[PDB]
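Reproduced below: upload24.cif, with mmCIF, C-alpha atoms.
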```
data_upload
#
loop_
_atom_site.group_PDB
_atom_site.id
_atom_site.type_symbol
_atom_site.label_atom_id
_atom_site.label_comp_id
_atom_site.auth_asym_id
_atom_site.auth_seq_id
_atom_site.Cartn_x
_atom_site.Cartn_y
_atom_site.Cartn_z
ATOM 1 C CA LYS L 1 5.684 31.970 21.464
ATOM 2 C CA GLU L 2 3.174 30.996 18.788
ATOM 3 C CA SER L 3 1.146 34.094 17.905
ATOM 4 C CA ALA L 4 -2.654 33.813 18.058
ATOM 5 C CA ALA L 5 -2.823 34.483 14.324
ATOM 6 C CA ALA L 6 -0.303 31.733 13.539
ATOM 7 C CA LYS L 7 -2.060 29.345 15.892
ATOM 8 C CA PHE L 8 -5.349 29.957 14.109
ATOM 9 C CA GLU L 9 -3.861 29.083 10.706
ATOM 10 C CA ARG L 10 -2.277 25.861 12.010
ATOM 11 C CA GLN L 11 -5.392 24.586 13.757
ATOM 12 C CA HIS L 12 -8.057 25.663 11.276
ATOM 13 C CA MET L 13 -6.745 26.435 7.797
ATOM 14 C CA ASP L 14 -6.448 23.952 4.953
ATOM 15 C CA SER L 15 -6.682 25.848 1.677
ATOM 16 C CA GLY L 16 -3.796 24.169 -0.128
ATOM 17 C CA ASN L 17 -4.677 20.471 0.057
ATOM 18 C CA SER L 18 -7.024 18.904 -2.456
ATOM 19 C CA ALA L 19 -10.228 17.377 -1.072
ATOM 20 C CA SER L 20 -9.306 14.065 -2.736
ATOM 21 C CA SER L 21 -7.702 11.792 -0.141
ATOM 22 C CA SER L 22 -6.257 9.753 -3.005
ATOM 23 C CA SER L 23 -4.222 12.821 -3.925
ATOM 24 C CA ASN L 24 -3.429 14.344 -0.516
ATOM 25 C CA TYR L 25 -2.464 11.135 1.310
ATOM 26 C CA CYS L 26 1.288 11.763 1.078
ATOM 27 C CA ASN L 27 1.042 15.435 2.003
ATOM 28 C CA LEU L 28 -0.813 14.529 5.189
ATOM 29 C CA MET L 29 1.156 11.396 6.107
ATOM 30 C CA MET L 30 4.566 12.907 5.427
ATOM 31 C CA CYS L 31 3.613 15.738 7.726
ATOM 32 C CA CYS L 32 2.040 13.491 10.400
ATOM 33 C CA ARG L 33 5.061 11.170 10.499
ATOM 34 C CA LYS L 34 7.479 14.095 11.017
ATOM 35 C CA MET L 35 9.269 13.831 7.680
ATOM 36 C CA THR L 36 8.649 17.450 6.721
ATOM 37 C CA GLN L 37 10.370 19.017 9.725
ATOM 38 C CA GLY L 38 13.205 21.366 8.848
ATOM 39 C CA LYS L 39 13.370 19.898 5.355
ATOM 40 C CA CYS L 40 10.961 18.018 3.084
ATOM 41 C CA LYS L 41 12.110 14.411 2.778
ATOM 42 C CA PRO L 42 12.441 13.927 -1.032
ATOM 43 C CA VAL L 43 11.066 10.406 -1.320
ATOM 44 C CA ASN L 44 9.461 7.924 1.062
ATOM 45 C CA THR L 45 7.638 4.591 0.970
ATOM 46 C CA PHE L 46 4.786 3.464 3.213
ATOM 47 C CA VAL L 47 3.895 -0.235 3.527
ATOM 48 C CA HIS L 48 0.262 -1.197 4.053
ATOM 49 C CA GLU L 49 0.704 -4.842 5.027
ATOM 50 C CA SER L 50 0.592 -6.105 8.616
ATOM 51 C CA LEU L 51 3.534 -5.475 10.921
ATOM 52 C CA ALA L 52 3.894 -9.240 11.338
ATOM 53 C CA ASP L 53 4.213 -9.757 7.577
ATOM 54 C CA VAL L 54 6.822 -7.013 7.246
ATOM 55 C CA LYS L 55 8.823 -8.369 10.195
ATOM 56 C CA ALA L 56 8.585 -11.813 8.584
ATOM 57 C CA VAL L 57 10.633 -10.434 5.684
ATOM 58 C CA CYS L 58 13.658 -10.626 7.983
ATOM 59 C CA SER L 59 13.720 -14.403 7.638
ATOM 60 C CA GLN L 60 13.123 -14.536 3.883
ATOM 61 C CA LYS L 61 15.366 -13.975 0.827
ATOM 62 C CA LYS L 62 18.746 -12.549 1.779
ATOM 63 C CA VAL L 63 20.182 -9.968 -0.618
ATOM 64 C CA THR L 64 22.869 -7.297 -0.531
ATOM 65 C CA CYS L 65 21.844 -3.787 0.425
ATOM 66 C CA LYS L 66 22.430 -0.960 -2.045
ATOM 67 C CA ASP L 67 25.026 0.490 0.343
ATOM 68 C CA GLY L 68 27.096 -2.678 0.314
ATOM 69 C CA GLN L 69 25.959 -3.876 3.736
ATOM 70 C CA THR L 70 24.765 -7.465 4.020
ATOM 71 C CA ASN L 71 21.756 -7.438 6.331
ATOM 72 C CA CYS L 72 19.109 -6.869 3.635
ATOM 73 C CA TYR L 73 16.120 -9.093 2.901
ATOM 74 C CA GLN L 74 13.613 -9.212 0.039
ATOM 75 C CA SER L 75 9.945 -10.142 0.539
ATOM 76 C CA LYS L 76 8.753 -13.446 -0.922
ATOM 77 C CA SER L 77 5.595 -11.792 -2.240
ATOM 78 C CA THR L 78 4.514 -8.356 -3.431
ATOM 79 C CA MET L 79 3.187 -5.888 -0.852
ATOM 80 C CA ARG L 80 0.812 -2.924 -1.126
ATOM 81 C CA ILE L 81 2.939 0.202 -0.840
ATOM 82 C CA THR L 82 2.612 3.919 -1.402
ATOM 83 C CA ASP L 83 5.314 5.993 -3.027
ATOM 84 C CA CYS L 84 5.546 9.614 -1.898
ATOM 85 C CA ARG L 85 7.633 11.805 -4.166
ATOM 86 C CA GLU L 86 8.198 15.524 -3.676
ATOM 87 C CA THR L 87 6.728 17.588 -6.527
ATOM 88 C CA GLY L 88 8.295 20.455 -8.440
ATOM 89 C CA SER L 89 6.058 22.983 -6.711
ATOM 90 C CA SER L 90 7.174 21.712 -3.294
ATOM 91 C CA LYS L 91 9.072 24.162 -1.090
ATOM 92 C CA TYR L 92 9.550 23.836 2.684
ATOM 93 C CA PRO L 93 7.529 24.498 4.808
ATOM 94 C CA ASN L 94 5.034 23.936 1.975
ATOM 95 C CA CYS L 95 6.059 20.332 1.271
ATOM 96 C CA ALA L 96 4.092 18.846 -1.620
ATOM 97 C CA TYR L 97 4.103 15.222 -2.764
ATOM 98 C CA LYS L 98 2.604 13.082 -5.486
ATOM 99 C CA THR L 99 0.996 9.906 -4.164
ATOM 100 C CA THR L 100 1.453 6.661 -6.090
ATOM 101 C CA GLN L 101 0.070 3.271 -5.045
ATOM 102 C CA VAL L 102 1.728 0.097 -6.342
ATOM 103 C CA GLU L 103 2.277 -3.555 -5.422
ATOM 104 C CA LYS L 104 5.916 -4.612 -5.309
ATOM 105 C CA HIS L 105 8.397 -6.743 -3.421
ATOM 106 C CA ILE L 106 10.218 -4.753 -0.765
ATOM 107 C CA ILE L 107 13.797 -4.916 0.431
ATOM 108 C CA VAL L 108 14.475 -3.965 4.046
ATOM 109 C CA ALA L 109 17.557 -4.154 6.234
ATOM 110 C CA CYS L 110 17.064 -6.026 9.506
ATOM 111 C CA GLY L 111 18.844 -5.631 12.821
ATOM 112 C CA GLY L 112 18.697 -6.084 16.562
ATOM 113 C CA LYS L 113 17.585 -9.138 18.521
ATOM 114 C CA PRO L 114 15.058 -10.240 17.627
ATOM 115 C CA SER L 115 15.925 -9.166 14.094
ATOM 116 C CA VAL L 116 13.399 -6.591 12.824
ATOM 117 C CA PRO L 117 13.217 -4.116 9.892
ATOM 118 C CA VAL L 118 15.295 -1.000 10.608
ATOM 119 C CA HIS L 119 15.658 0.507 7.136
ATOM 120 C CA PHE L 120 13.637 0.514 3.922
ATOM 121 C CA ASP L 121 16.099 -0.254 1.130
ATOM 122 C CA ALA L 122 13.984 -0.508 -2.005
ATOM 123 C CA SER L 123 11.042 -1.984 -3.848
ATOM 124 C CA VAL L 124 11.391 -4.373 -6.769
ATOM 125 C CA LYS H 1 15.586 8.170 22.109
ATOM 126 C CA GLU H 2 13.766 6.556 19.196
ATOM 127 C CA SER H 3 14.992 3.020 18.503
ATOM 128 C CA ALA H 4 15.786 1.867 14.969
ATOM 129 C CA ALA H 5 12.710 -0.361 14.959
ATOM 130 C CA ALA H 6 10.439 2.480 16.124
ATOM 131 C CA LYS H 7 11.890 4.781 13.479
ATOM 132 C CA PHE H 8 11.113 2.218 10.754
ATOM 133 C CA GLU H 9 7.524 1.969 12.005
ATOM 134 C CA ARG H 10 7.069 5.746 12.071
ATOM 135 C CA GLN H 11 8.582 6.330 8.613
ATOM 136 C CA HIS H 12 7.316 3.283 6.713
ATOM 137 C CA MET H 13 4.383 1.551 8.386
ATOM 138 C CA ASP H 14 0.724 2.311 7.737
ATOM 139 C CA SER H 15 -1.004 -1.058 8.059
ATOM 140 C CA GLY H 16 -4.530 -1.454 6.777
ATOM 141 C CA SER H 21 -9.600 7.144 2.187
ATOM 142 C CA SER H 22 -11.124 10.592 2.775
ATOM 143 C CA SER H 23 -12.696 9.374 6.141
ATOM 144 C CA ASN H 24 -9.091 9.148 7.302
ATOM 145 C CA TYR H 25 -8.549 12.891 6.720
ATOM 146 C CA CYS H 26 -9.129 14.065 10.296
ATOM 147 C CA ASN H 27 -6.915 11.327 11.717
ATOM 148 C CA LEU H 28 -4.015 12.527 9.577
ATOM 149 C CA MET H 29 -4.615 16.292 9.679
ATOM 150 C CA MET H 30 -5.139 16.379 13.440
ATOM 151 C CA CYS H 31 -1.821 14.540 13.712
ATOM 152 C CA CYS H 32 -0.086 16.770 11.140
ATOM 153 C CA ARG H 33 -1.306 19.991 12.773
ATOM 154 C CA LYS H 34 -0.142 18.707 16.172
ATOM 155 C CA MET H 35 -3.495 18.452 17.941
ATOM 156 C CA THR H 36 -3.012 14.883 19.169
ATOM 157 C CA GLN H 37 -0.019 15.509 21.426
ATOM 158 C CA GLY H 38 -0.514 15.361 25.177
ATOM 159 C CA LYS H 39 -4.152 14.450 24.628
ATOM 160 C CA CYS H 40 -6.652 14.174 21.788
ATOM 161 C CA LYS H 41 -8.452 17.376 20.881
ATOM 162 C CA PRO H 42 -12.135 16.281 21.086
ATOM 163 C CA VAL H 43 -13.367 18.502 18.282
ATOM 164 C CA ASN H 44 -11.832 20.757 15.648
ATOM 165 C CA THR H 45 -12.886 22.444 12.422
ATOM 166 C CA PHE H 46 -10.821 22.964 9.273
ATOM 167 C CA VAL H 47 -11.779 25.665 6.754
ATOM 168 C CA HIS H 48 -11.092 25.015 3.069
ATOM 169 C CA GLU H 49 -11.556 28.534 1.731
ATOM 170 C CA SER H 50 -8.605 30.789 0.870
ATOM 171 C CA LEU H 51 -7.008 32.598 3.828
ATOM 172 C CA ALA H 52 -8.072 35.913 2.269
ATOM 173 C CA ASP H 53 -11.747 34.954 2.453
ATOM 174 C CA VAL H 54 -11.536 33.888 6.099
ATOM 175 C CA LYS H 55 -9.747 37.101 7.089
ATOM 176 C CA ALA H 56 -12.501 39.083 5.372
ATOM 177 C CA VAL H 57 -14.968 37.657 7.885
ATOM 178 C CA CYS H 58 -13.385 39.994 10.456
ATOM 179 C CA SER H 59 -15.208 42.838 8.735
ATOM 180 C CA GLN H 60 -18.542 41.107 8.201
ATOM 181 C CA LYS H 61 -21.441 40.339 10.594
ATOM 182 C CA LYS H 62 -20.567 41.156 14.212
ATOM 183 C CA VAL H 63 -21.848 38.668 16.807
ATOM 184 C CA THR H 64 -21.352 37.577 20.410
ATOM 185 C CA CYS H 65 -18.978 34.678 20.993
ATOM 186 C CA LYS H 66 -20.155 31.497 22.723
ATOM 187 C CA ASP H 67 -18.111 32.432 25.802
ATOM 188 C CA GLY H 68 -19.681 35.852 26.178
ATOM 189 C CA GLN H 69 -16.836 37.832 24.627
ATOM 190 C CA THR H 70 -17.900 40.351 22.004
ATOM 191 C CA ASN H 71 -15.164 40.196 19.373
ATOM 192 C CA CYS H 72 -16.824 37.551 17.166
ATOM 193 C CA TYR H 73 -17.798 37.793 13.497
ATOM 194 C CA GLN H 74 -19.885 35.523 11.284
ATOM 195 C CA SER H 75 -19.335 34.885 7.571
ATOM 196 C CA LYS H 76 -22.004 36.316 5.265
ATOM 197 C CA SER H 77 -21.905 33.152 3.162
ATOM 198 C CA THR H 78 -21.286 29.460 3.774
ATOM 199 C CA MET H 79 -17.801 27.981 3.493
ATOM 200 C CA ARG H 80 -16.510 24.473 2.905
ATOM 201 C CA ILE H 81 -15.337 23.072 6.213
ATOM 202 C CA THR H 82 -14.415 19.697 7.631
ATOM 203 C CA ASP H 83 -15.710 18.747 11.056
ATOM 204 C CA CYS H 84 -13.481 16.482 13.178
ATOM 205 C CA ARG H 85 -14.883 14.734 16.277
ATOM 206 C CA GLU H 86 -13.401 12.041 18.516
ATOM 207 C CA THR H 87 -15.067 8.704 17.806
ATOM 208 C CA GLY H 88 -16.700 6.535 20.453
ATOM 209 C CA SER H 89 -13.467 4.561 20.809
ATOM 210 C CA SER H 90 -10.777 7.256 20.775
ATOM 211 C CA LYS H 91 -8.138 7.205 23.512
ATOM 212 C CA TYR H 92 -4.831 9.083 23.540
ATOM 213 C CA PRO H 93 -2.322 8.417 22.133
ATOM 214 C CA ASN H 94 -4.581 6.426 19.811
ATOM 215 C CA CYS H 95 -6.766 9.334 18.747
ATOM 216 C CA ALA H 96 -9.504 8.636 16.205
ATOM 217 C CA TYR H 97 -11.872 11.055 14.512
ATOM 218 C CA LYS H 98 -14.970 11.013 12.374
ATOM 219 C CA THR H 99 -14.557 13.145 9.258
ATOM 220 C CA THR H 100 -17.546 15.200 8.131
ATOM 221 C CA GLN H 101 -17.408 17.620 5.224
ATOM 222 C CA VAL H 102 -20.153 20.238 5.131
ATOM 223 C CA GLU H 103 -20.867 23.794 4.037
ATOM 224 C CA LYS H 104 -21.792 26.228 6.793
ATOM 225 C CA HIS H 105 -21.360 29.790 8.012
ATOM 226 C CA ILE H 106 -18.396 30.177 10.342
ATOM 227 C CA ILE H 107 -18.002 32.370 13.392
ATOM 228 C CA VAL H 108 -14.536 33.507 14.420
ATOM 229 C CA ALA H 109 -13.048 35.846 16.989
ATOM 230 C CA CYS H 110 -10.839 38.602 15.597
ATOM 231 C CA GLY H 111 -7.996 40.364 17.376
ATOM 232 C CA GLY H 112 -4.569 41.922 16.964
ATOM 233 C CA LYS H 113 -3.667 44.769 14.598
ATOM 234 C CA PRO H 114 -4.547 44.311 11.712
ATOM 235 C CA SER H 115 -7.593 42.465 12.984
ATOM 236 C CA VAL H 116 -7.442 38.813 11.911
ATOM 237 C CA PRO H 117 -9.036 35.514 12.970
ATOM 238 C CA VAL H 118 -7.461 34.361 16.233
ATOM 239 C CA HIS H 119 -10.076 31.843 17.380
ATOM 240 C CA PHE H 120 -12.643 29.525 15.761
ATOM 241 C CA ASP H 121 -15.880 29.960 17.710
ATOM 242 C CA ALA H 122 -18.416 27.897 15.753
ATOM 243 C CA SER H 123 -20.246 27.164 12.508
ATOM 244 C CA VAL H 124 -23.953 27.580 11.753
#
```

Kindly transcribe the structure held in the file into structure tokens.
Amino acid sequence: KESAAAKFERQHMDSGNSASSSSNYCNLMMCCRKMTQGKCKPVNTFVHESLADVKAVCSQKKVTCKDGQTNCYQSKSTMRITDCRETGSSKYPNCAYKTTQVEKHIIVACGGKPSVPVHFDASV
Amino acid sequence: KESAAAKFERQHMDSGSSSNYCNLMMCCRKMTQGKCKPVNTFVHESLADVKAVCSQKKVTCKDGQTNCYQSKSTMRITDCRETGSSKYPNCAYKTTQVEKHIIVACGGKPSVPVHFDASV
């Protein structure tokens, strides 16, 4: 049972986050996308291109995954992505991340039928 | 079960700013599950300052209860309101940052904020 006091803090308190969206993007997104539950996911990449363009990567340059598997593909062009990396002061449940925006080629593993992205491998 | 494709979308896709704050925070703080919460307010002062309000100006709550207190000074808050085109599960909010007095209900022992009544 969530106590009234705990409920109040969850619904109405935001003292920790900086008012700059440029800086708090990862903190908020990592939390919204459930990657801070139980443990703070160390690193994560978000892609800002269209879903169609990311799915199109599955029929582009074939490359070997970092884990030795062979269903990885590299994007023909760079894509706008955001790197979220856990900071030194991060400590679950207080997960903290540094947000970094860059434009790189991405490598994703594809699977299923039709073949779609199922794993983000890397950015080059 | 979440499919592999759905998992990729949840963990890595964000197709297409501070005006996006409410959309993300409301999601993060789990207030967009089951239905979209129409309105919500986030306080950006330290927890210690908000708790202190419980021993400041005593007022009547909007619902008629009498355990409400108002902050002696303004506080930085963010107002979140469903936009004209919000519709669960696709909740959408308008972010508005302002400085206003807050009114909260206090309860429990020690007496702490347990409900956000309004801002003025």

List the spatial neighbours of residue 28 of chain L as a PDB file with C-alpha atoms, in the coordinates of the input - criterion: any atom at most 12 Å away, all atoms listed in the file, same-chain residues fewer than 5 positions off excluded.
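Result went into selection03.pdb, see below:
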```
ATOM      1  CA  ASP L  14      -6.448  23.952   4.953  1.00  0.00           C
ATOM      2  CA  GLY L  16      -3.796  24.169  -0.128  1.00  0.00           C
ATOM      3  CA  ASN L  17      -4.677  20.471   0.057  1.00  0.00           C
ATOM      4  CA  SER L  18      -7.024  18.904  -2.456  1.00  0.00           C
ATOM      5  CA  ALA L  19     -10.228  17.377  -1.072  1.00  0.00           C
ATOM      6  CA  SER L  20      -9.306  14.065  -2.736  1.00  0.00           C
ATOM      7  CA  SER L  21      -7.702  11.792  -0.141  1.00  0.00           C
ATOM      8  CA  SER L  22      -6.257   9.753  -3.005  1.00  0.00           C
ATOM      9  CA  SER L  23      -4.222  12.821  -3.925  1.00  0.00           C
ATOM     10  CA  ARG L  33       5.061  11.170  10.499  1.00  0.00           C
ATOM     11  CA  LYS L  34       7.479  14.095  11.017  1.00  0.00           C
ATOM     12  CA  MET L  35       9.269  13.831   7.680  1.00  0.00           C
ATOM     13  CA  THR L  36       8.649  17.450   6.721  1.00  0.00           C
ATOM     14  CA  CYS L  84       5.546   9.614  -1.898  1.00  0.00           C
ATOM     15  CA  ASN L  94       5.034  23.936   1.975  1.00  0.00           C
ATOM     16  CA  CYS L  95       6.059  20.332   1.271  1.00  0.00           C
ATOM     17  CA  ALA L  96       4.092  18.846  -1.620  1.00  0.00           C
ATOM     18  CA  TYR L  97       4.103  15.222  -2.764  1.00  0.00           C
ATOM     19  CA  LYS L  98       2.604  13.082  -5.486  1.00  0.00           C
ATOM     20  CA  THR L  99       0.996   9.906  -4.164  1.00  0.00           C
TER      21      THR L  99
ATOM     22  CA  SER H  21      -9.600   7.144   2.187  1.00  0.00           C
ATOM     23  CA  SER H  22     -11.124  10.592   2.775  1.00  0.00           C
ATOM     24  CA  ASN H  24      -9.091   9.148   7.302  1.00  0.00           C
ATOM     25  CA  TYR H  25      -8.549  12.891   6.720  1.00  0.00           C
ATOM     26  CA  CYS H  26      -9.129  14.065  10.296  1.00  0.00           C
ATOM     27  CA  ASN H  27      -6.915  11.327  11.717  1.00  0.00           C
ATOM     28  CA  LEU H  28      -4.015  12.527   9.577  1.00  0.00           C
ATOM     29  CA  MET H  29      -4.615  16.292   9.679  1.00  0.00           C
ATOM     30  CA  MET H  30      -5.139  16.379  13.440  1.00  0.00           C
ATOM     31  CA  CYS H  31      -1.821  14.540  13.712  1.00  0.00           C
ATOM     32  CA  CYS H  32      -0.086  16.770  11.140  1.00  0.00           C
ATOM     33  CA  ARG H  33      -1.306  19.991  12.773  1.00  0.00           C
ATOM     34  CA  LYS H  34      -0.142  18.707  16.172  1.00  0.00           C
TER      35      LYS H  34
END
```

Exercise for review: Can you check which residues of chain L have any atom within 10 Å of chain H? Use only C-alpha atoms and format it as number ranges by chain.
Suggested key: L: 3-25, 27-36, 44-51, 54, 80-82, 108, 110-112, 115-120

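Counting from atom CA of residue 100 of chain H, the distance to atom CA of residue 26 of chain L is 20.4 Å.
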
Considering only C-alpha atoms, return as a PDB file with C-alpha atoms, keeping the file's coordinate frame whatever protein or nucleic-acid residues lie within 9 Å of residue 73 of chain H, sequence-local ones (same chain, fewer than 4 positions apart) excluded.
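As a result, selection01.pdb now contains:
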```
ATOM      1  CA  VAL H  57     -14.968  37.657   7.885  1.00  0.00           C
ATOM      2  CA  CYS H  58     -13.385  39.994  10.456  1.00  0.00           C
ATOM      3  CA  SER H  59     -15.208  42.838   8.735  1.00  0.00           C
ATOM      4  CA  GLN H  60     -18.542  41.107   8.201  1.00  0.00           C
ATOM      5  CA  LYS H  61     -21.441  40.339  10.594  1.00  0.00           C
ATOM      6  CA  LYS H  62     -20.567  41.156  14.212  1.00  0.00           C
ATOM      7  CA  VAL H  63     -21.848  38.668  16.807  1.00  0.00           C
ATOM      8  CA  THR H  64     -21.352  37.577  20.410  1.00  0.00           C
ATOM      9  CA  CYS H  65     -18.978  34.678  20.993  1.00  0.00           C
ATOM     10  CA  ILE H 106     -18.396  30.177  10.342  1.00  0.00           C
ATOM     11  CA  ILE H 107     -18.002  32.370  13.392  1.00  0.00           C
ATOM     12  CA  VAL H 108     -14.536  33.507  14.420  1.00  0.00           C
ATOM     13  CA  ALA H 109     -13.048  35.846  16.989  1.00  0.00           C
ATOM     14  CA  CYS H 110     -10.839  38.602  15.597  1.00  0.00           C
TER      15      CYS H 110
END
```

**Study point:** Residues in the PyMOL selection byres ((chain H and resi 78) around 7), expressed as a count of residues only
**Key:** 7

Practice item. Between atom CA of residue 114 of chain H and atom CA of residue 76 of chain H, measure the distance and give it in Å to one decimal. Key: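 These atoms are spaced 20.3 Å apart.
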
Check your understanding: Using all atoms listed in the file, which residue out of L:104, L:55, L:41, L:1 lies closest to residue 78 of chain L?
Key ->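 Closest candidate: L:104.
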
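The gap separating atom CA of residue 101 of chain L from atom CA of residue 2 of chain H is 28.0 Å, in Å to one decimal.
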
Review point. Given the file above and the PyMOL selection byres ((chain H and resi 94-98) around 7), which residues are selected, and can you give them as a ChimeraX atom specification?
Key: /H:23,26-27,36,40,84-87,90-93,99-100

Point to revise | Counting only C-alpha atoms, the option among L:93, L:2, L:88, L:83 closest to residue 38 of chain L | key: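 For residue 38 of chain L, the nearest of the candidates is L:93.
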